[PDB]
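Q: Structure: target32.pdb, PDB, C-alpha atoms.
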```pdb
ATOM      1  CA  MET A   1     134.036  59.069  78.441
ATOM      2  CA  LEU A   2     136.509  61.847  77.528
ATOM      3  CA  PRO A   3     137.210  65.192  79.296
ATOM      4  CA  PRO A   4     136.369  68.626  77.697
ATOM      5  CA  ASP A   5     139.989  69.593  77.247
ATOM      6  CA  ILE A   6     140.345  66.763  74.739
ATOM      7  CA  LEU A   7     137.091  66.939  72.753
ATOM      8  CA  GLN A   8     137.104  70.749  72.861
ATOM      9  CA  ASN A   9     133.452  71.272  72.000
ATOM     10  CA  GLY A  10     133.618  69.489  68.635
ATOM     11  CA  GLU A  11     137.153  70.047  67.412
ATOM     12  CA  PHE A  12     137.488  66.298  68.060
ATOM     13  CA  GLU A  13     134.654  63.763  67.628
ATOM     14  CA  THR A  14     134.244  60.114  68.674
ATOM     15  CA  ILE A  15     133.056  56.947  67.046
ATOM     16  CA  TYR A  16     131.832  54.527  69.741
ATOM     17  CA  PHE A  17     129.618  51.508  69.578
ATOM     18  CA  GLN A  18     128.943  48.102  71.111
ATOM     19  CA  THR A  19     127.572  44.903  69.799
ATOM     20  CA  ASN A  20     124.328  43.680  71.230
ATOM     21  CA  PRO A  21     125.271  41.366  74.077
ATOM     22  CA  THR A  22     125.548  37.860  72.759
ATOM     23  CA  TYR A  23     125.797  34.485  74.498
ATOM     24  CA  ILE A  24     128.839  32.454  73.544
ATOM     25  CA  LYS A  25     130.561  29.317  74.730
ATOM     26  CA  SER A  26     133.000  29.942  77.577
ATOM     27  CA  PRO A  27     136.468  31.125  76.427
ATOM     28  CA  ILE A  28     137.791  29.055  79.313
ATOM     29  CA  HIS A  29     137.064  25.339  79.020
ATOM     30  CA  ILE A  30     134.534  24.313  81.646
ATOM     31  CA  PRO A  31     134.091  20.561  81.889
ATOM     32  CA  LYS A  32     130.438  19.529  81.472
ATOM     33  CA  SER A  33     131.282  17.799  84.769
ATOM     34  CA  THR A  34     131.342  21.179  86.554
ATOM     35  CA  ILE A  35     128.625  22.217  88.996
ATOM     36  CA  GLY A  36     126.810  25.525  88.481
ATOM     37  CA  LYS A  37     128.371  26.340  85.095
ATOM     38  CA  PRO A  38     128.303  29.971  84.052
ATOM     39  CA  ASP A  39     126.626  31.510  81.018
ATOM     40  CA  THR A  40     129.051  33.621  78.972
ATOM     41  CA  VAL A  41     127.996  36.894  77.374
ATOM     42  CA  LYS A  42     130.326  38.757  74.988
ATOM     43  CA  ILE A  43     130.209  42.420  74.004
ATOM     44  CA  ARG A  44     132.494  44.007  71.413
ATOM     45  CA  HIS A  45     133.431  47.692  71.884
ATOM     46  CA  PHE A  46     134.890  49.831  69.106
ATOM     47  CA  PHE A  47     136.179  53.373  69.777
ATOM     48  CA  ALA A  48     137.811  55.834  67.440
ATOM     49  CA  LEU A  49     138.857  59.456  67.935
ATOM     50  CA  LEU A  50     138.325  61.790  64.998
ATOM     51  CA  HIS A  51     139.824  65.142  64.201
ATOM     52  CA  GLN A  52     137.534  66.831  61.739
ATOM     53  CA  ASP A  53     137.237  64.266  58.931
ATOM     54  CA  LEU A  54     140.297  62.165  59.831
ATOM     55  CA  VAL A  55     140.749  59.208  62.164
ATOM     56  CA  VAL A  56     143.372  59.805  64.870
ATOM     57  CA  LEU A  57     143.263  56.549  66.779
ATOM     58  CA  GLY A  58     141.228  53.408  67.399
ATOM     59  CA  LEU A  59     140.672  50.941  70.245
ATOM     60  CA  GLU A  60     138.855  47.625  70.139
ATOM     61  CA  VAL A  61     137.915  45.912  73.437
ATOM     62  CA  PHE A  62     135.972  42.701  74.136
ATOM     63  CA  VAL A  63     134.130  42.177  77.405
ATOM     64  CA  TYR A  64     133.220  38.671  78.590
ATOM     65  CA  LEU A  65     130.766  38.184  81.386
ATOM     66  CA  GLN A  66     130.907  34.748  83.006
ATOM     67  CA  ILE A  67     127.583  34.855  84.820
ATOM     68  CA  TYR A  68     127.253  32.685  87.935
ATOM     69  CA  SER A  69     124.295  32.606  90.362
ATOM     70  CA  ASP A  70     125.884  35.101  92.751
ATOM     71  CA  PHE A  71     128.719  36.785  90.948
ATOM     72  CA  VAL A  72     130.159  37.641  87.570
ATOM     73  CA  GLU A  73     133.736  36.909  86.394
ATOM     74  CA  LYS A  74     134.201  39.871  84.027
ATOM     75  CA  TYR A  75     137.076  39.693  81.529
ATOM     76  CA  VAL A  76     138.106  42.778  79.679
ATOM     77  CA  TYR A  77     140.322  42.038  76.722
ATOM     78  CA  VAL A  78     142.097  44.670  74.722
ATOM     79  CA  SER A  79     141.936  43.376  71.174
ATOM     80  CA  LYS A  80     143.621  46.176  69.178
ATOM     81  CA  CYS A  81     144.877  49.717  69.553
ATOM     82  CA  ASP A  82     146.379  51.831  66.779
ATOM     83  CA  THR A  83     147.030  55.342  65.509
ATOM     84  CA  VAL A  84     146.875  56.856  62.056
ATOM     85  CA  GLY A  85     149.423  59.661  62.146
ATOM     86  CA  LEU A  86     148.253  61.721  59.139
ATOM     87  CA  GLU A  87     148.386  64.876  61.234
ATOM     88  CA  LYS A  88     150.880  66.076  63.780
ATOM     89  CA  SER A  89     149.818  64.698  67.127
ATOM     90  CA  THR A  90     147.830  67.172  69.229
ATOM     91  CA  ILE A  91     146.938  65.014  72.278
ATOM     92  CA  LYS A  92     149.000  62.474  74.215
ATOM     93  CA  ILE A  93     147.500  59.136  73.150
ATOM     94  CA  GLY A  94     147.622  57.660  76.624
ATOM     95  CA  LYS A  95     145.340  60.462  77.845
ATOM     96  CA  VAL A  96     142.675  59.184  75.496
ATOM     97  CA  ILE A  97     143.246  55.419  75.717
ATOM     98  CA  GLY A  98     143.254  55.316  79.534
ATOM     99  CA  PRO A  99     139.940  57.021  80.109
ATOM    100  CA  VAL A 100     138.216  55.204  77.233
ATOM    101  CA  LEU A 101     139.507  51.848  78.455
ATOM    102  CA  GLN A 102     138.461  52.745  82.022
ATOM    103  CA  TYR A 103     134.997  53.643  80.748
ATOM    104  CA  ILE A 104     134.724  50.270  78.995
ATOM    105  CA  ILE A 105     135.910  48.362  82.069
ATOM    106  CA  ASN A 106     133.382  50.039  84.327
ATOM    107  CA  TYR A 107     130.529  50.002  81.845
ATOM    108  CA  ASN A 108     127.539  48.174  83.292
ATOM    109  CA  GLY A 109     124.511  49.107  81.188
ATOM    110  CA  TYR A 110     124.400  46.020  78.984
ATOM    111  CA  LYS A 111     120.998  44.855  77.766
ATOM    112  CA  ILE A 112     121.329  41.092  78.064
ATOM    113  CA  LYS A 113     118.472  38.890  76.950
ATOM    114  CA  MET A 114     117.297  35.969  79.009
ATOM    115  CA  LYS A 115     118.880  32.690  78.195
ATOM    116  CA  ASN A 116     116.481  30.350  76.373
ATOM    117  CA  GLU A 117     112.606  40.318  79.062
ATOM    118  CA  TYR A 118     116.174  41.402  80.107
ATOM    119  CA  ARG A 119     118.438  39.472  82.511
ATOM    120  CA  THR A 120     119.536  40.964  85.817
ATOM    121  CA  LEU A 121     123.222  40.353  86.599
ATOM    122  CA  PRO A 122     124.580  39.612  90.062
ATOM    123  CA  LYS A 123     125.877  42.663  91.894
ATOM    124  CA  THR A 124     129.231  41.141  92.773
ATOM    125  CA  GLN A 125     131.811  41.340  89.964
ATOM    126  CA  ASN A 126     135.421  40.081  89.838
ATOM    127  CA  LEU A 127     137.281  42.056  87.156
ATOM    128  CA  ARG A 128     140.118  40.702  85.024
ATOM    129  CA  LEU A 129     141.867  42.996  82.564
ATOM    130  CA  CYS A 130     143.976  41.290  79.884
ATOM    131  CA  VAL A 131     146.325  43.073  77.460
ATOM    132  CA  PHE A 132     149.226  41.939  75.317
ATOM    133  CA  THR A 133     151.838  44.195  73.842
ATOM    134  CA  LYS A 134     153.416  43.313  70.532
ATOM    135  CA  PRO A 135     154.887  46.003  68.353
ATOM    136  CA  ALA A 136     153.077  45.625  64.999
ATOM    137  CA  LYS A 137     153.338  48.460  62.461
ATOM    138  CA  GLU A 138     149.516  48.399  61.744
ATOM    139  CA  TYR A 139     146.886  46.801  63.961
ATOM    140  CA  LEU A 140     143.754  48.576  62.730
ATOM    141  CA  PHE A 141     144.756  51.063  60.069
ATOM    142  CA  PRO A 142     146.229  49.482  56.874
ATOM    143  CA  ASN A 143     149.181  51.328  55.391
ATOM    144  CA  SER A 144     149.353  53.884  58.210
ATOM    145  CA  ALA A 145     152.967  52.835  58.925
ATOM    146  CA  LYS A 146     154.432  55.179  56.365
ATOM    147  CA  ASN A 147     152.456  58.183  57.517
ATOM    148  CA  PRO A 148     154.677  61.104  58.534
ATOM    149  CA  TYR A 149     153.484  61.500  62.138
ATOM    150  CA  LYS A 150     152.874  57.884  63.096
ATOM    151  CA  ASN A 151     155.145  57.246  66.016
ATOM    152  CA  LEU A 152     156.146  53.595  65.954
ATOM    153  CA  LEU A 153     157.347  52.304  69.269
ATOM    154  CA  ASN A 154     159.787  49.389  69.691
ATOM    155  CA  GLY A 155     158.623  46.592  72.048
ATOM    156  CA  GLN A 156     160.192  47.866  75.256
ATOM    157  CA  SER A 157     158.824  51.371  74.624
ATOM    158  CA  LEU A 158     155.363  49.989  73.802
ATOM    159  CA  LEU A 159     155.379  47.934  76.996
ATOM    160  CA  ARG A 160     156.430  50.879  79.154
ATOM    161  CA  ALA A 161     153.575  52.905  77.641
ATOM    162  CA  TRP A 162     150.940  50.244  78.342
ATOM    163  CA  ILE A 163     152.168  49.642  81.907
ATOM    164  CA  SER A 164     151.747  53.362  82.481
ATOM    165  CA  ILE A 165     148.225  53.404  81.006
ATOM    166  CA  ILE A 166     147.070  50.337  82.823
ATOM    167  CA  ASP A 167     148.514  51.325  86.162
ATOM    168  CA  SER A 168     146.657  54.618  85.950
ATOM    169  CA  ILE A 169     143.220  52.925  85.593
ATOM    170  CA  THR A 170     143.685  49.970  87.974
ATOM    171  CA  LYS A 171     144.412  51.886  91.154
ATOM    172  CA  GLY A 172     143.606  49.756  94.160
ATOM    173  CA  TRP A 173     143.164  46.542  92.234
ATOM    174  CA  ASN A 174     144.151  43.262  93.903
ATOM    175  CA  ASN A 175     146.931  42.395  91.537
ATOM    176  CA  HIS A 176     148.879  43.637  88.506
ATOM    177  CA  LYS A 177     150.867  40.946  86.658
ATOM    178  CA  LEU A 178     153.497  41.196  83.912
ATOM    179  CA  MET A 179     154.972  38.276  81.998
ATOM    180  CA  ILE A 180     157.533  38.580  79.178
ATOM    181  CA  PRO A 181     157.754  35.002  77.956
ATOM    182  CA  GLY A 182     161.332  33.991  77.471
ATOM    183  CA  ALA A 183     162.813  36.878  79.450
ATOM    184  CA  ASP A 184     164.701  36.346  82.689
ATOM    185  CA  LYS A 185     163.195  37.474  86.002
ATOM    186  CA  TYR A 186     165.618  40.436  86.212
ATOM    187  CA  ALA A 187     164.674  41.881  82.820
ATOM    188  CA  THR A 188     160.925  41.645  83.494
ATOM    189  CA  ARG A 189     161.315  43.155  86.963
ATOM    190  CA  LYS A 190     163.004  46.241  85.565
ATOM    191  CA  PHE A 191     159.827  47.271  83.765
ATOM    192  CA  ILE A 192     157.847  47.319  86.992
ATOM    193  CA  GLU A 193     160.481  48.350  89.501
ATOM    194  CA  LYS A 194     158.752  51.758  89.938
ATOM    195  CA  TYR A 195     155.284  50.224  90.136
ATOM    196  CA  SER A 196     154.854  49.009  93.686
ATOM    197  CA  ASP A 197     151.676  47.082  92.993
ATOM    198  CA  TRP A 198     153.002  45.074  90.040
ATOM    199  CA  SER A 199     154.602  41.662  90.079
ATOM    200  CA  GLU A 200     155.866  38.999  87.657
ATOM    201  CA  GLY A 201     153.522  36.243  86.494
ATOM    202  CA  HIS A 202     149.944  35.973  85.288
ATOM    203  CA  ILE A 203     146.475  36.264  86.727
ATOM    204  CA  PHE A 204     145.020  32.862  85.956
ATOM    205  CA  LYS A 205     144.667  29.621  87.921
ATOM    206  CA  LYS A 206     148.214  28.315  88.457
ATOM    207  CA  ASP A 207     147.714  24.549  88.516
ATOM    208  CA  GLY A 208     145.811  22.011  86.488
ATOM    209  CA  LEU A 209     145.263  21.924  82.800
ATOM    210  CA  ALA A 210     146.019  25.061  80.824
ATOM    211  CA  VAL A 211     142.789  25.017  78.840
ATOM    212  CA  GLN A 212     140.799  25.054  82.062
ATOM    213  CA  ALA A 213     142.643  28.136  83.329
ATOM    214  CA  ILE A 214     143.581  30.392  80.451
ATOM    215  CA  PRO A 215     140.984  32.123  78.268
ATOM    216  CA  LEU A 216     141.270  31.782  74.480
ATOM    217  CA  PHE A 217     140.806  35.281  73.168
ATOM    218  CA  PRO A 218     140.659  36.073  69.431
ATOM    219  CA  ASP A 219     143.858  37.186  67.724
ATOM    220  CA  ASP A 220     145.869  36.864  70.987
ATOM    221  CA  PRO A 221     149.428  35.464  70.879
ATOM    222  CA  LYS A 222     148.552  33.425  73.933
ATOM    223  CA  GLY A 223     145.338  32.212  72.334
ATOM    224  CA  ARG A 224     147.067  31.080  69.178
ATOM    225  CA  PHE A 225     149.147  28.585  71.224
ATOM    226  CA  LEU A 226     146.068  27.498  73.108
ATOM    227  CA  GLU A 227     144.352  26.912  69.769
ATOM    228  CA  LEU A 228     147.199  24.626  68.741
ATOM    229  CA  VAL A 229     147.031  22.697  71.975
ATOM    230  CA  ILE A 230     143.311  22.168  71.397
ATOM    231  CA  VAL A 231     143.453  21.295  67.690
ATOM    232  CA  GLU A 232     146.135  18.701  68.417
ATOM    233  CA  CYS A 233     143.859  17.400  71.199
ATOM    234  CA  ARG A 234     146.621  17.875  73.824
ATOM    235  CA  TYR A 235     144.151  19.798  76.018
ATOM    236  CA  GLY A 236     144.118  16.856  78.415
ATOM    237  CA  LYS A 237     147.845  16.850  79.239
ATOM    238  CA  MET A 238     149.156  20.453  78.996
ATOM    239  CA  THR A 239     149.498  22.144  82.431
ATOM    240  CA  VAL A 240     149.356  25.871  83.074
ATOM    241  CA  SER A 241     153.033  25.877  84.052
ATOM    242  CA  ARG A 242     154.159  23.951  80.951
ATOM    243  CA  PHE A 243     151.961  26.117  78.715
ATOM    244  CA  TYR A 244     153.696  29.308  79.793
ATOM    245  CA  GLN A 245     157.043  27.540  79.530
ATOM    246  CA  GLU A 246     156.425  26.475  75.928
ATOM    247  CA  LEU A 247     154.807  29.762  75.003
ATOM    248  CA  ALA A 248     158.226  31.388  75.307
ATOM    249  CA  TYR A 249     159.534  29.303  72.413
ATOM    250  CA  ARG A 250     156.754  30.027  69.938
ATOM    251  CA  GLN A 251     157.949  31.973  66.883
ATOM    252  CA  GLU A 252     155.806  34.971  67.797
ATOM    253  CA  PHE A 253     157.584  35.352  71.114
ATOM    254  CA  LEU A 254     161.106  34.104  70.447
ATOM    255  CA  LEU A 255     161.422  36.038  67.180
ATOM    256  CA  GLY A 256     159.406  38.927  68.552
ATOM    257  CA  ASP A 257     160.308  42.180  70.204
ATOM    258  CA  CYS A 258     159.511  42.202  73.929
ATOM    259  CA  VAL A 259     156.102  40.525  73.376
ATOM    260  CA  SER A 260     154.413  40.787  76.767
ATOM    261  CA  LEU A 261     151.311  39.719  78.648
ATOM    262  CA  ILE A 262     149.582  41.913  81.257
ATOM    263  CA  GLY A 263     146.766  40.968  83.568
ATOM    264  CA  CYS A 264     145.127  42.814  86.463
ATOM    265  CA  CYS A 265     142.392  41.715  88.774
ATOM    266  CA  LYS A 266     139.927  43.307  91.167
ATOM    267  CA  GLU A 267     137.960  40.982  93.442
ATOM    268  CA  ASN A 268     134.499  41.399  94.916
ATOM    269  CA  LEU A 269     133.549  44.756  93.519
ATOM    270  CA  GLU A 270     129.869  45.615  94.250
ATOM    271  CA  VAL A 271     128.415  47.217  91.146
ATOM    272  CA  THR A 272     125.145  48.889  90.371
ATOM    273  CA  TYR A 273     123.533  48.299  87.012
ATOM    274  CA  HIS A 274     123.257  51.608  85.277
ATOM    275  CA  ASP A 275     121.619  52.311  81.918
ATOM    276  CA  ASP A 276     123.857  54.445  79.690
ATOM    277  CA  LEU A 277     122.514  54.850  76.199
ATOM    278  CA  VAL A 278     125.192  54.085  73.635
ATOM    279  CA  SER A 279     124.987  52.990  70.032
ATOM    280  CA  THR A 280     124.479  49.221  69.837
ATOM    281  CA  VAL A 281     124.707  47.186  66.640
ATOM    282  CA  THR A 282     124.292  43.626  65.388
ATOM    283  CA  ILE A 283     127.447  41.513  65.074
ATOM    284  CA  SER A 284     126.981  41.610  61.314
ATOM    285  CA  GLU A 285     126.877  45.413  61.360
ATOM    286  CA  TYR A 286     129.990  45.453  63.510
ATOM    287  CA  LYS A 287     131.834  43.066  61.250
ATOM    288  CA  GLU A 288     130.755  45.060  58.224
ATOM    289  CA  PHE A 289     132.322  48.228  59.738
ATOM    290  CA  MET A 290     135.520  46.378  60.537
ATOM    291  CA  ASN A 291     135.672  44.901  57.030
ATOM    292  CA  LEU A 292     135.301  48.358  55.509
ATOM    293  CA  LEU A 293     138.098  49.576  57.741
ATOM    294  CA  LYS A 294     140.376  46.873  56.398
ATOM    295  CA  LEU A 295     139.994  48.182  52.884
ATOM    296  CA  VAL A 296     140.818  51.826  53.561
ATOM    297  CA  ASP A 297     144.230  53.147  52.640
ATOM    298  CA  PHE A 298     145.028  55.073  55.800
ATOM    299  CA  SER A 299     147.936  56.828  54.112
ATOM    300  CA  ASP A 300     145.329  58.578  51.865
ATOM    301  CA  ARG A 301     143.379  61.464  53.383
ATOM    302  CA  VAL A 302     140.758  61.110  50.667
ATOM    303  CA  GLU A 303     139.987  57.523  51.595
ATOM    304  CA  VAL A 304     139.997  58.214  55.338
ATOM    305  CA  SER A 305     137.741  61.255  54.927
ATOM    306  CA  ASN A 306     135.406  59.184  52.747
ATOM    307  CA  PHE A 307     135.322  56.348  55.240
ATOM    308  CA  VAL A 308     134.404  58.804  57.992
ATOM    309  CA  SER A 309     131.695  60.591  55.986
ATOM    310  CA  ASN A 310     130.135  57.236  55.122
ATOM    311  CA  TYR A 311     129.974  56.218  58.776
ATOM    312  CA  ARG A 312     128.141  59.504  59.440
TER
END
```
Write out the structure in this file as structure tokens.
A:
Amino acid sequence: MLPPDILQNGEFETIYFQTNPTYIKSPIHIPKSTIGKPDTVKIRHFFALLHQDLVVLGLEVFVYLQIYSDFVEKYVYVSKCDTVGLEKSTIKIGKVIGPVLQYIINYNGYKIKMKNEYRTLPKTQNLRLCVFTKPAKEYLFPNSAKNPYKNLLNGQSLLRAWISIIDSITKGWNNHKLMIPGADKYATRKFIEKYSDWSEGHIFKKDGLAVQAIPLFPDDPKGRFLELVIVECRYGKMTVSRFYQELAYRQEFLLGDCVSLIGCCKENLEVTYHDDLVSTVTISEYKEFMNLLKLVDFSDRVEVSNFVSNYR
């Protein structure tokens, strides 16, 4: 998951665990009218890098498997990424995030129970990677913003950094899409002018109703608008095109700083299912870890060191 030159035989340590794979309702609305509906299995992944007793950075990723008879639509959603910045930065963060995220994308050792012993997934997978960039001061680590070595990027800088990461781990993929809702074509194109495989737009179905095309991911700027469309029972009228048009005027985008949406796809990848023993936990155990995290003052080495010792 990480190369020796980073971990350095125990100078750095990792926290990494998954939830037990859990069936959920599809994050994309599938009419009960549809033929051969998929089962949806969700896995949460949490990764942190440690340096001695301190957290250096964290990454939370959700994987959604839409399981059809003959193939899987596999969505990989980057939920959160953050840094602590209590110590002067030793590694380039992208050199950690890329490989970890690539490991999560390609991970195929999930132990999925049968739908009411373990289910065998189809060998054909269509990958979809979905990331948004929005320059918050603190995604995972409360009060880290006024740490001395936390490097806070503005929106354009954050976007450039994520395009670089994602490009590096999606070599050969079928498409790479960037949308900056509310920006003109020229401004968006400048971010990807040096990336031959990238183009403006999104990865989802282009026509029809938005809720039947766009996944509703938790704590996603896109998802929050989708949520509104659904709660106001406008799901039956809102098109994909009009959704992306109106997204641009939401407060989060229009008042935001280069808030951007990235999606990449790889079609018809033949995968082999490959046991890889990692720590797996109940959703309650996961949520309990995350709730503890929320209560740590990450400007306080004592509290961070305590949090880490407790996890051990």
Q: From the set A:66, A:20, A:8, A:170, which residue has the shortest atom-to-atom contact distance to residue 36 of chain A, counting only C-alpha atoms?
A: A:66
Q: Spell out the residues picked by the PyMOL selection byres ((chain A and resi 182-191) around 12) here, as a PyMOL selection string.
A: chain A and resi 155-164+177-181+192-196+198-201+244-262
Q: As an exercise, work out the distance from atom CA of residue 267 of chain A to atom CA of residue 280 of chain A in Å and give it to one decimal place.
A: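 If I compute the distance from atom CA of residue 267 of chain A to atom CA of residue 280 of chain A, I get 28.4 Å.
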Q: Counting all atoms listed in the file, give me one row per residue of segment 106-152 of chain A with an atom at most 12 Å from an atom of segment 214-227 of chain A, showing the shortest contact pair and its distance in Å to one decimal, sorted by chain then residue number, as a tab-separated table.
A:
```
residue	atom	partner	partner_atom	distance
A:128	CA	A:215	CA	11.0
A:129	CA	A:215	CA	11.7
A:130	CA	A:217	CA	9.6
A:131	CA	A:220	CA	9.0
A:132	CA	A:220	CA	7.5
A:133	CA	A:221	CA	9.5
A:134	CA	A:221	CA	8.8
A:139	CA	A:219	CA	10.8
```
Q: Using all atoms listed in the file, determine which residues lie at most 10 Å from residue 54 of chain A, disregarding the query and same-chain residues fewer than 6 positions distant; provide the list as a ChimeraX atom specification.
A: /A:12-13,84-87,298,301-309
Q: Got time to write the residues from that selection, C-alpha atoms, as a compact mmCIF listing (two decimals), in the coordinates of the input?
A:
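File produced: again_12.txt:
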```
# COMPACT_ATOMS: atom_id res chain seq x y z
CA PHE A 12 137.49 66.30 68.06
CA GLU A 13 134.65 63.76 67.63
CA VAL A 84 146.88 56.86 62.06
CA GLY A 85 149.42 59.66 62.15
CA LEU A 86 148.25 61.72 59.14
CA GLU A 87 148.39 64.88 61.23
CA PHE A 298 145.03 55.07 55.80
CA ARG A 301 143.38 61.46 53.38
CA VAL A 302 140.76 61.11 50.67
CA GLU A 303 139.99 57.52 51.60
CA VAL A 304 140.00 58.21 55.34
CA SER A 305 137.74 61.26 54.93
CA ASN A 306 135.41 59.18 52.75
CA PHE A 307 135.32 56.35 55.24
CA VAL A 308 134.40 58.80 57.99
CA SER A 309 131.70 60.59 55.99
```
Q: Could you expand the PyMOL selection byres ((chain A and resi 92) around 12) into the explicit residues it covers here, written as number ranges by chain?
A: A: 5-6, 56-57, 83, 88-91, 93-98, 151, 161, 165
Q: Which of these residues is nearest to residue 125 of chain A, using all atoms listed in the file: A:104, A:213, A:265, A:230?
A: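 Selected residue with least distance to residue 125 of chain A: A:265.
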Q: Expanded to explicit residues, what is the PyMOL selection byres ((chain A and resi 236) around 12) for this file, as a count of residues only?
A: 18
Q: Separation of atom CA of residue 75 of chain A and atom CA of residue 63 of chain A, in Å?
A: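 Interatomic distance, atom CA of residue 75 of chain A to atom CA of residue 63 of chain A: 5.6 Å.
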Q: Calculate how many Å separate atom CA of residue 35 of chain A from atom CA of residue 118 of chain A, rounding to one decimal.
A: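 Atom CA of residue 118 of chain A lies 24.5 Å from atom CA of residue 35 of chain A.
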Q: Neighbours of residue 275 of chain A within 10 Å (only C-alpha atoms; same-chain residues fewer than 5 positions away dropped), as a ChimeraX atom specification?
A: /A:107-111
Q: Determine the nearest neighbour of residue 37 of chain A from the options A:72, A:61, A:127, A:290, counting all atoms listed in the file.
A: A:72
Q: (126.8, 32.7, 85.8) in this file's frame - what residues fall within 6 Å of it? Use only C-alpha atoms and give the answer as a count of residues only.
A: 6
Q: Extract, using only C-alpha atoms, all DNA, RNA and protein residues at most 6 Å from residue 17 of chain A, discarding same-chain residues fewer than 6 positions from it, and format them as a PyMOL selection string.
A: chain A and resi 45-46+279-280
Q: Nearest residue to residue 3 of chain A out of A:166, A:278, A:136, A:100, using all atoms listed in the file?
A: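 Answer, going by the shortest atom-to-atom distance: A:100.
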Q: Considering all atoms listed in the file, state which residue in the set A:300, A:9, A:206, A:59 is at the smallest distance from residue 146 of chain A.
A: A:300
Q: Just want the 10 Å neighbourhood of residue 23 of chain A, counted on only C-alpha atoms, with same-chain residues fewer than 4 positions away dropped. Output as a PDB file with C-alpha atoms, in the coordinates of the input.
A:
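Done, and the output landed in around-v6.pdb:
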```
ATOM      1  CA  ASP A  39     126.626  31.510  81.018  1.00  0.00           C
ATOM      2  CA  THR A  40     129.051  33.621  78.972  1.00  0.00           C
ATOM      3  CA  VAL A  41     127.996  36.894  77.374  1.00  0.00           C
ATOM      4  CA  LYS A  42     130.326  38.757  74.988  1.00  0.00           C
ATOM      5  CA  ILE A  43     130.209  42.420  74.004  1.00  0.00           C
ATOM      6  CA  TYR A  64     133.220  38.671  78.590  1.00  0.00           C
ATOM      7  CA  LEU A  65     130.766  38.184  81.386  1.00  0.00           C
ATOM      8  CA  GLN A  66     130.907  34.748  83.006  1.00  0.00           C
ATOM      9  CA  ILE A 112     121.329  41.092  78.064  1.00  0.00           C
ATOM     10  CA  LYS A 113     118.472  38.890  76.950  1.00  0.00           C
ATOM     11  CA  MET A 114     117.297  35.969  79.009  1.00  0.00           C
ATOM     12  CA  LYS A 115     118.880  32.690  78.195  1.00  0.00           C
TER      13      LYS A 115
END
```
Q: So, counting only C-alpha atoms, which residue among A:16, A:173, A:77, A:71 is closest to residue 47 of chain A?
A: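 Comparing A:16, A:173, A:77, A:71 against residue 47 of chain A, the winner is A:16.
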Q: Taking (139.8, 73.3, 64.3) in the file's coordinates as the center, which residues reach within 9 Å of it, counting only C-alpha atoms, put as a list in words?
A: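 Those residues, ordered by chain and then number, are residues 10, 11, 12, 51 and 52 of chain A.
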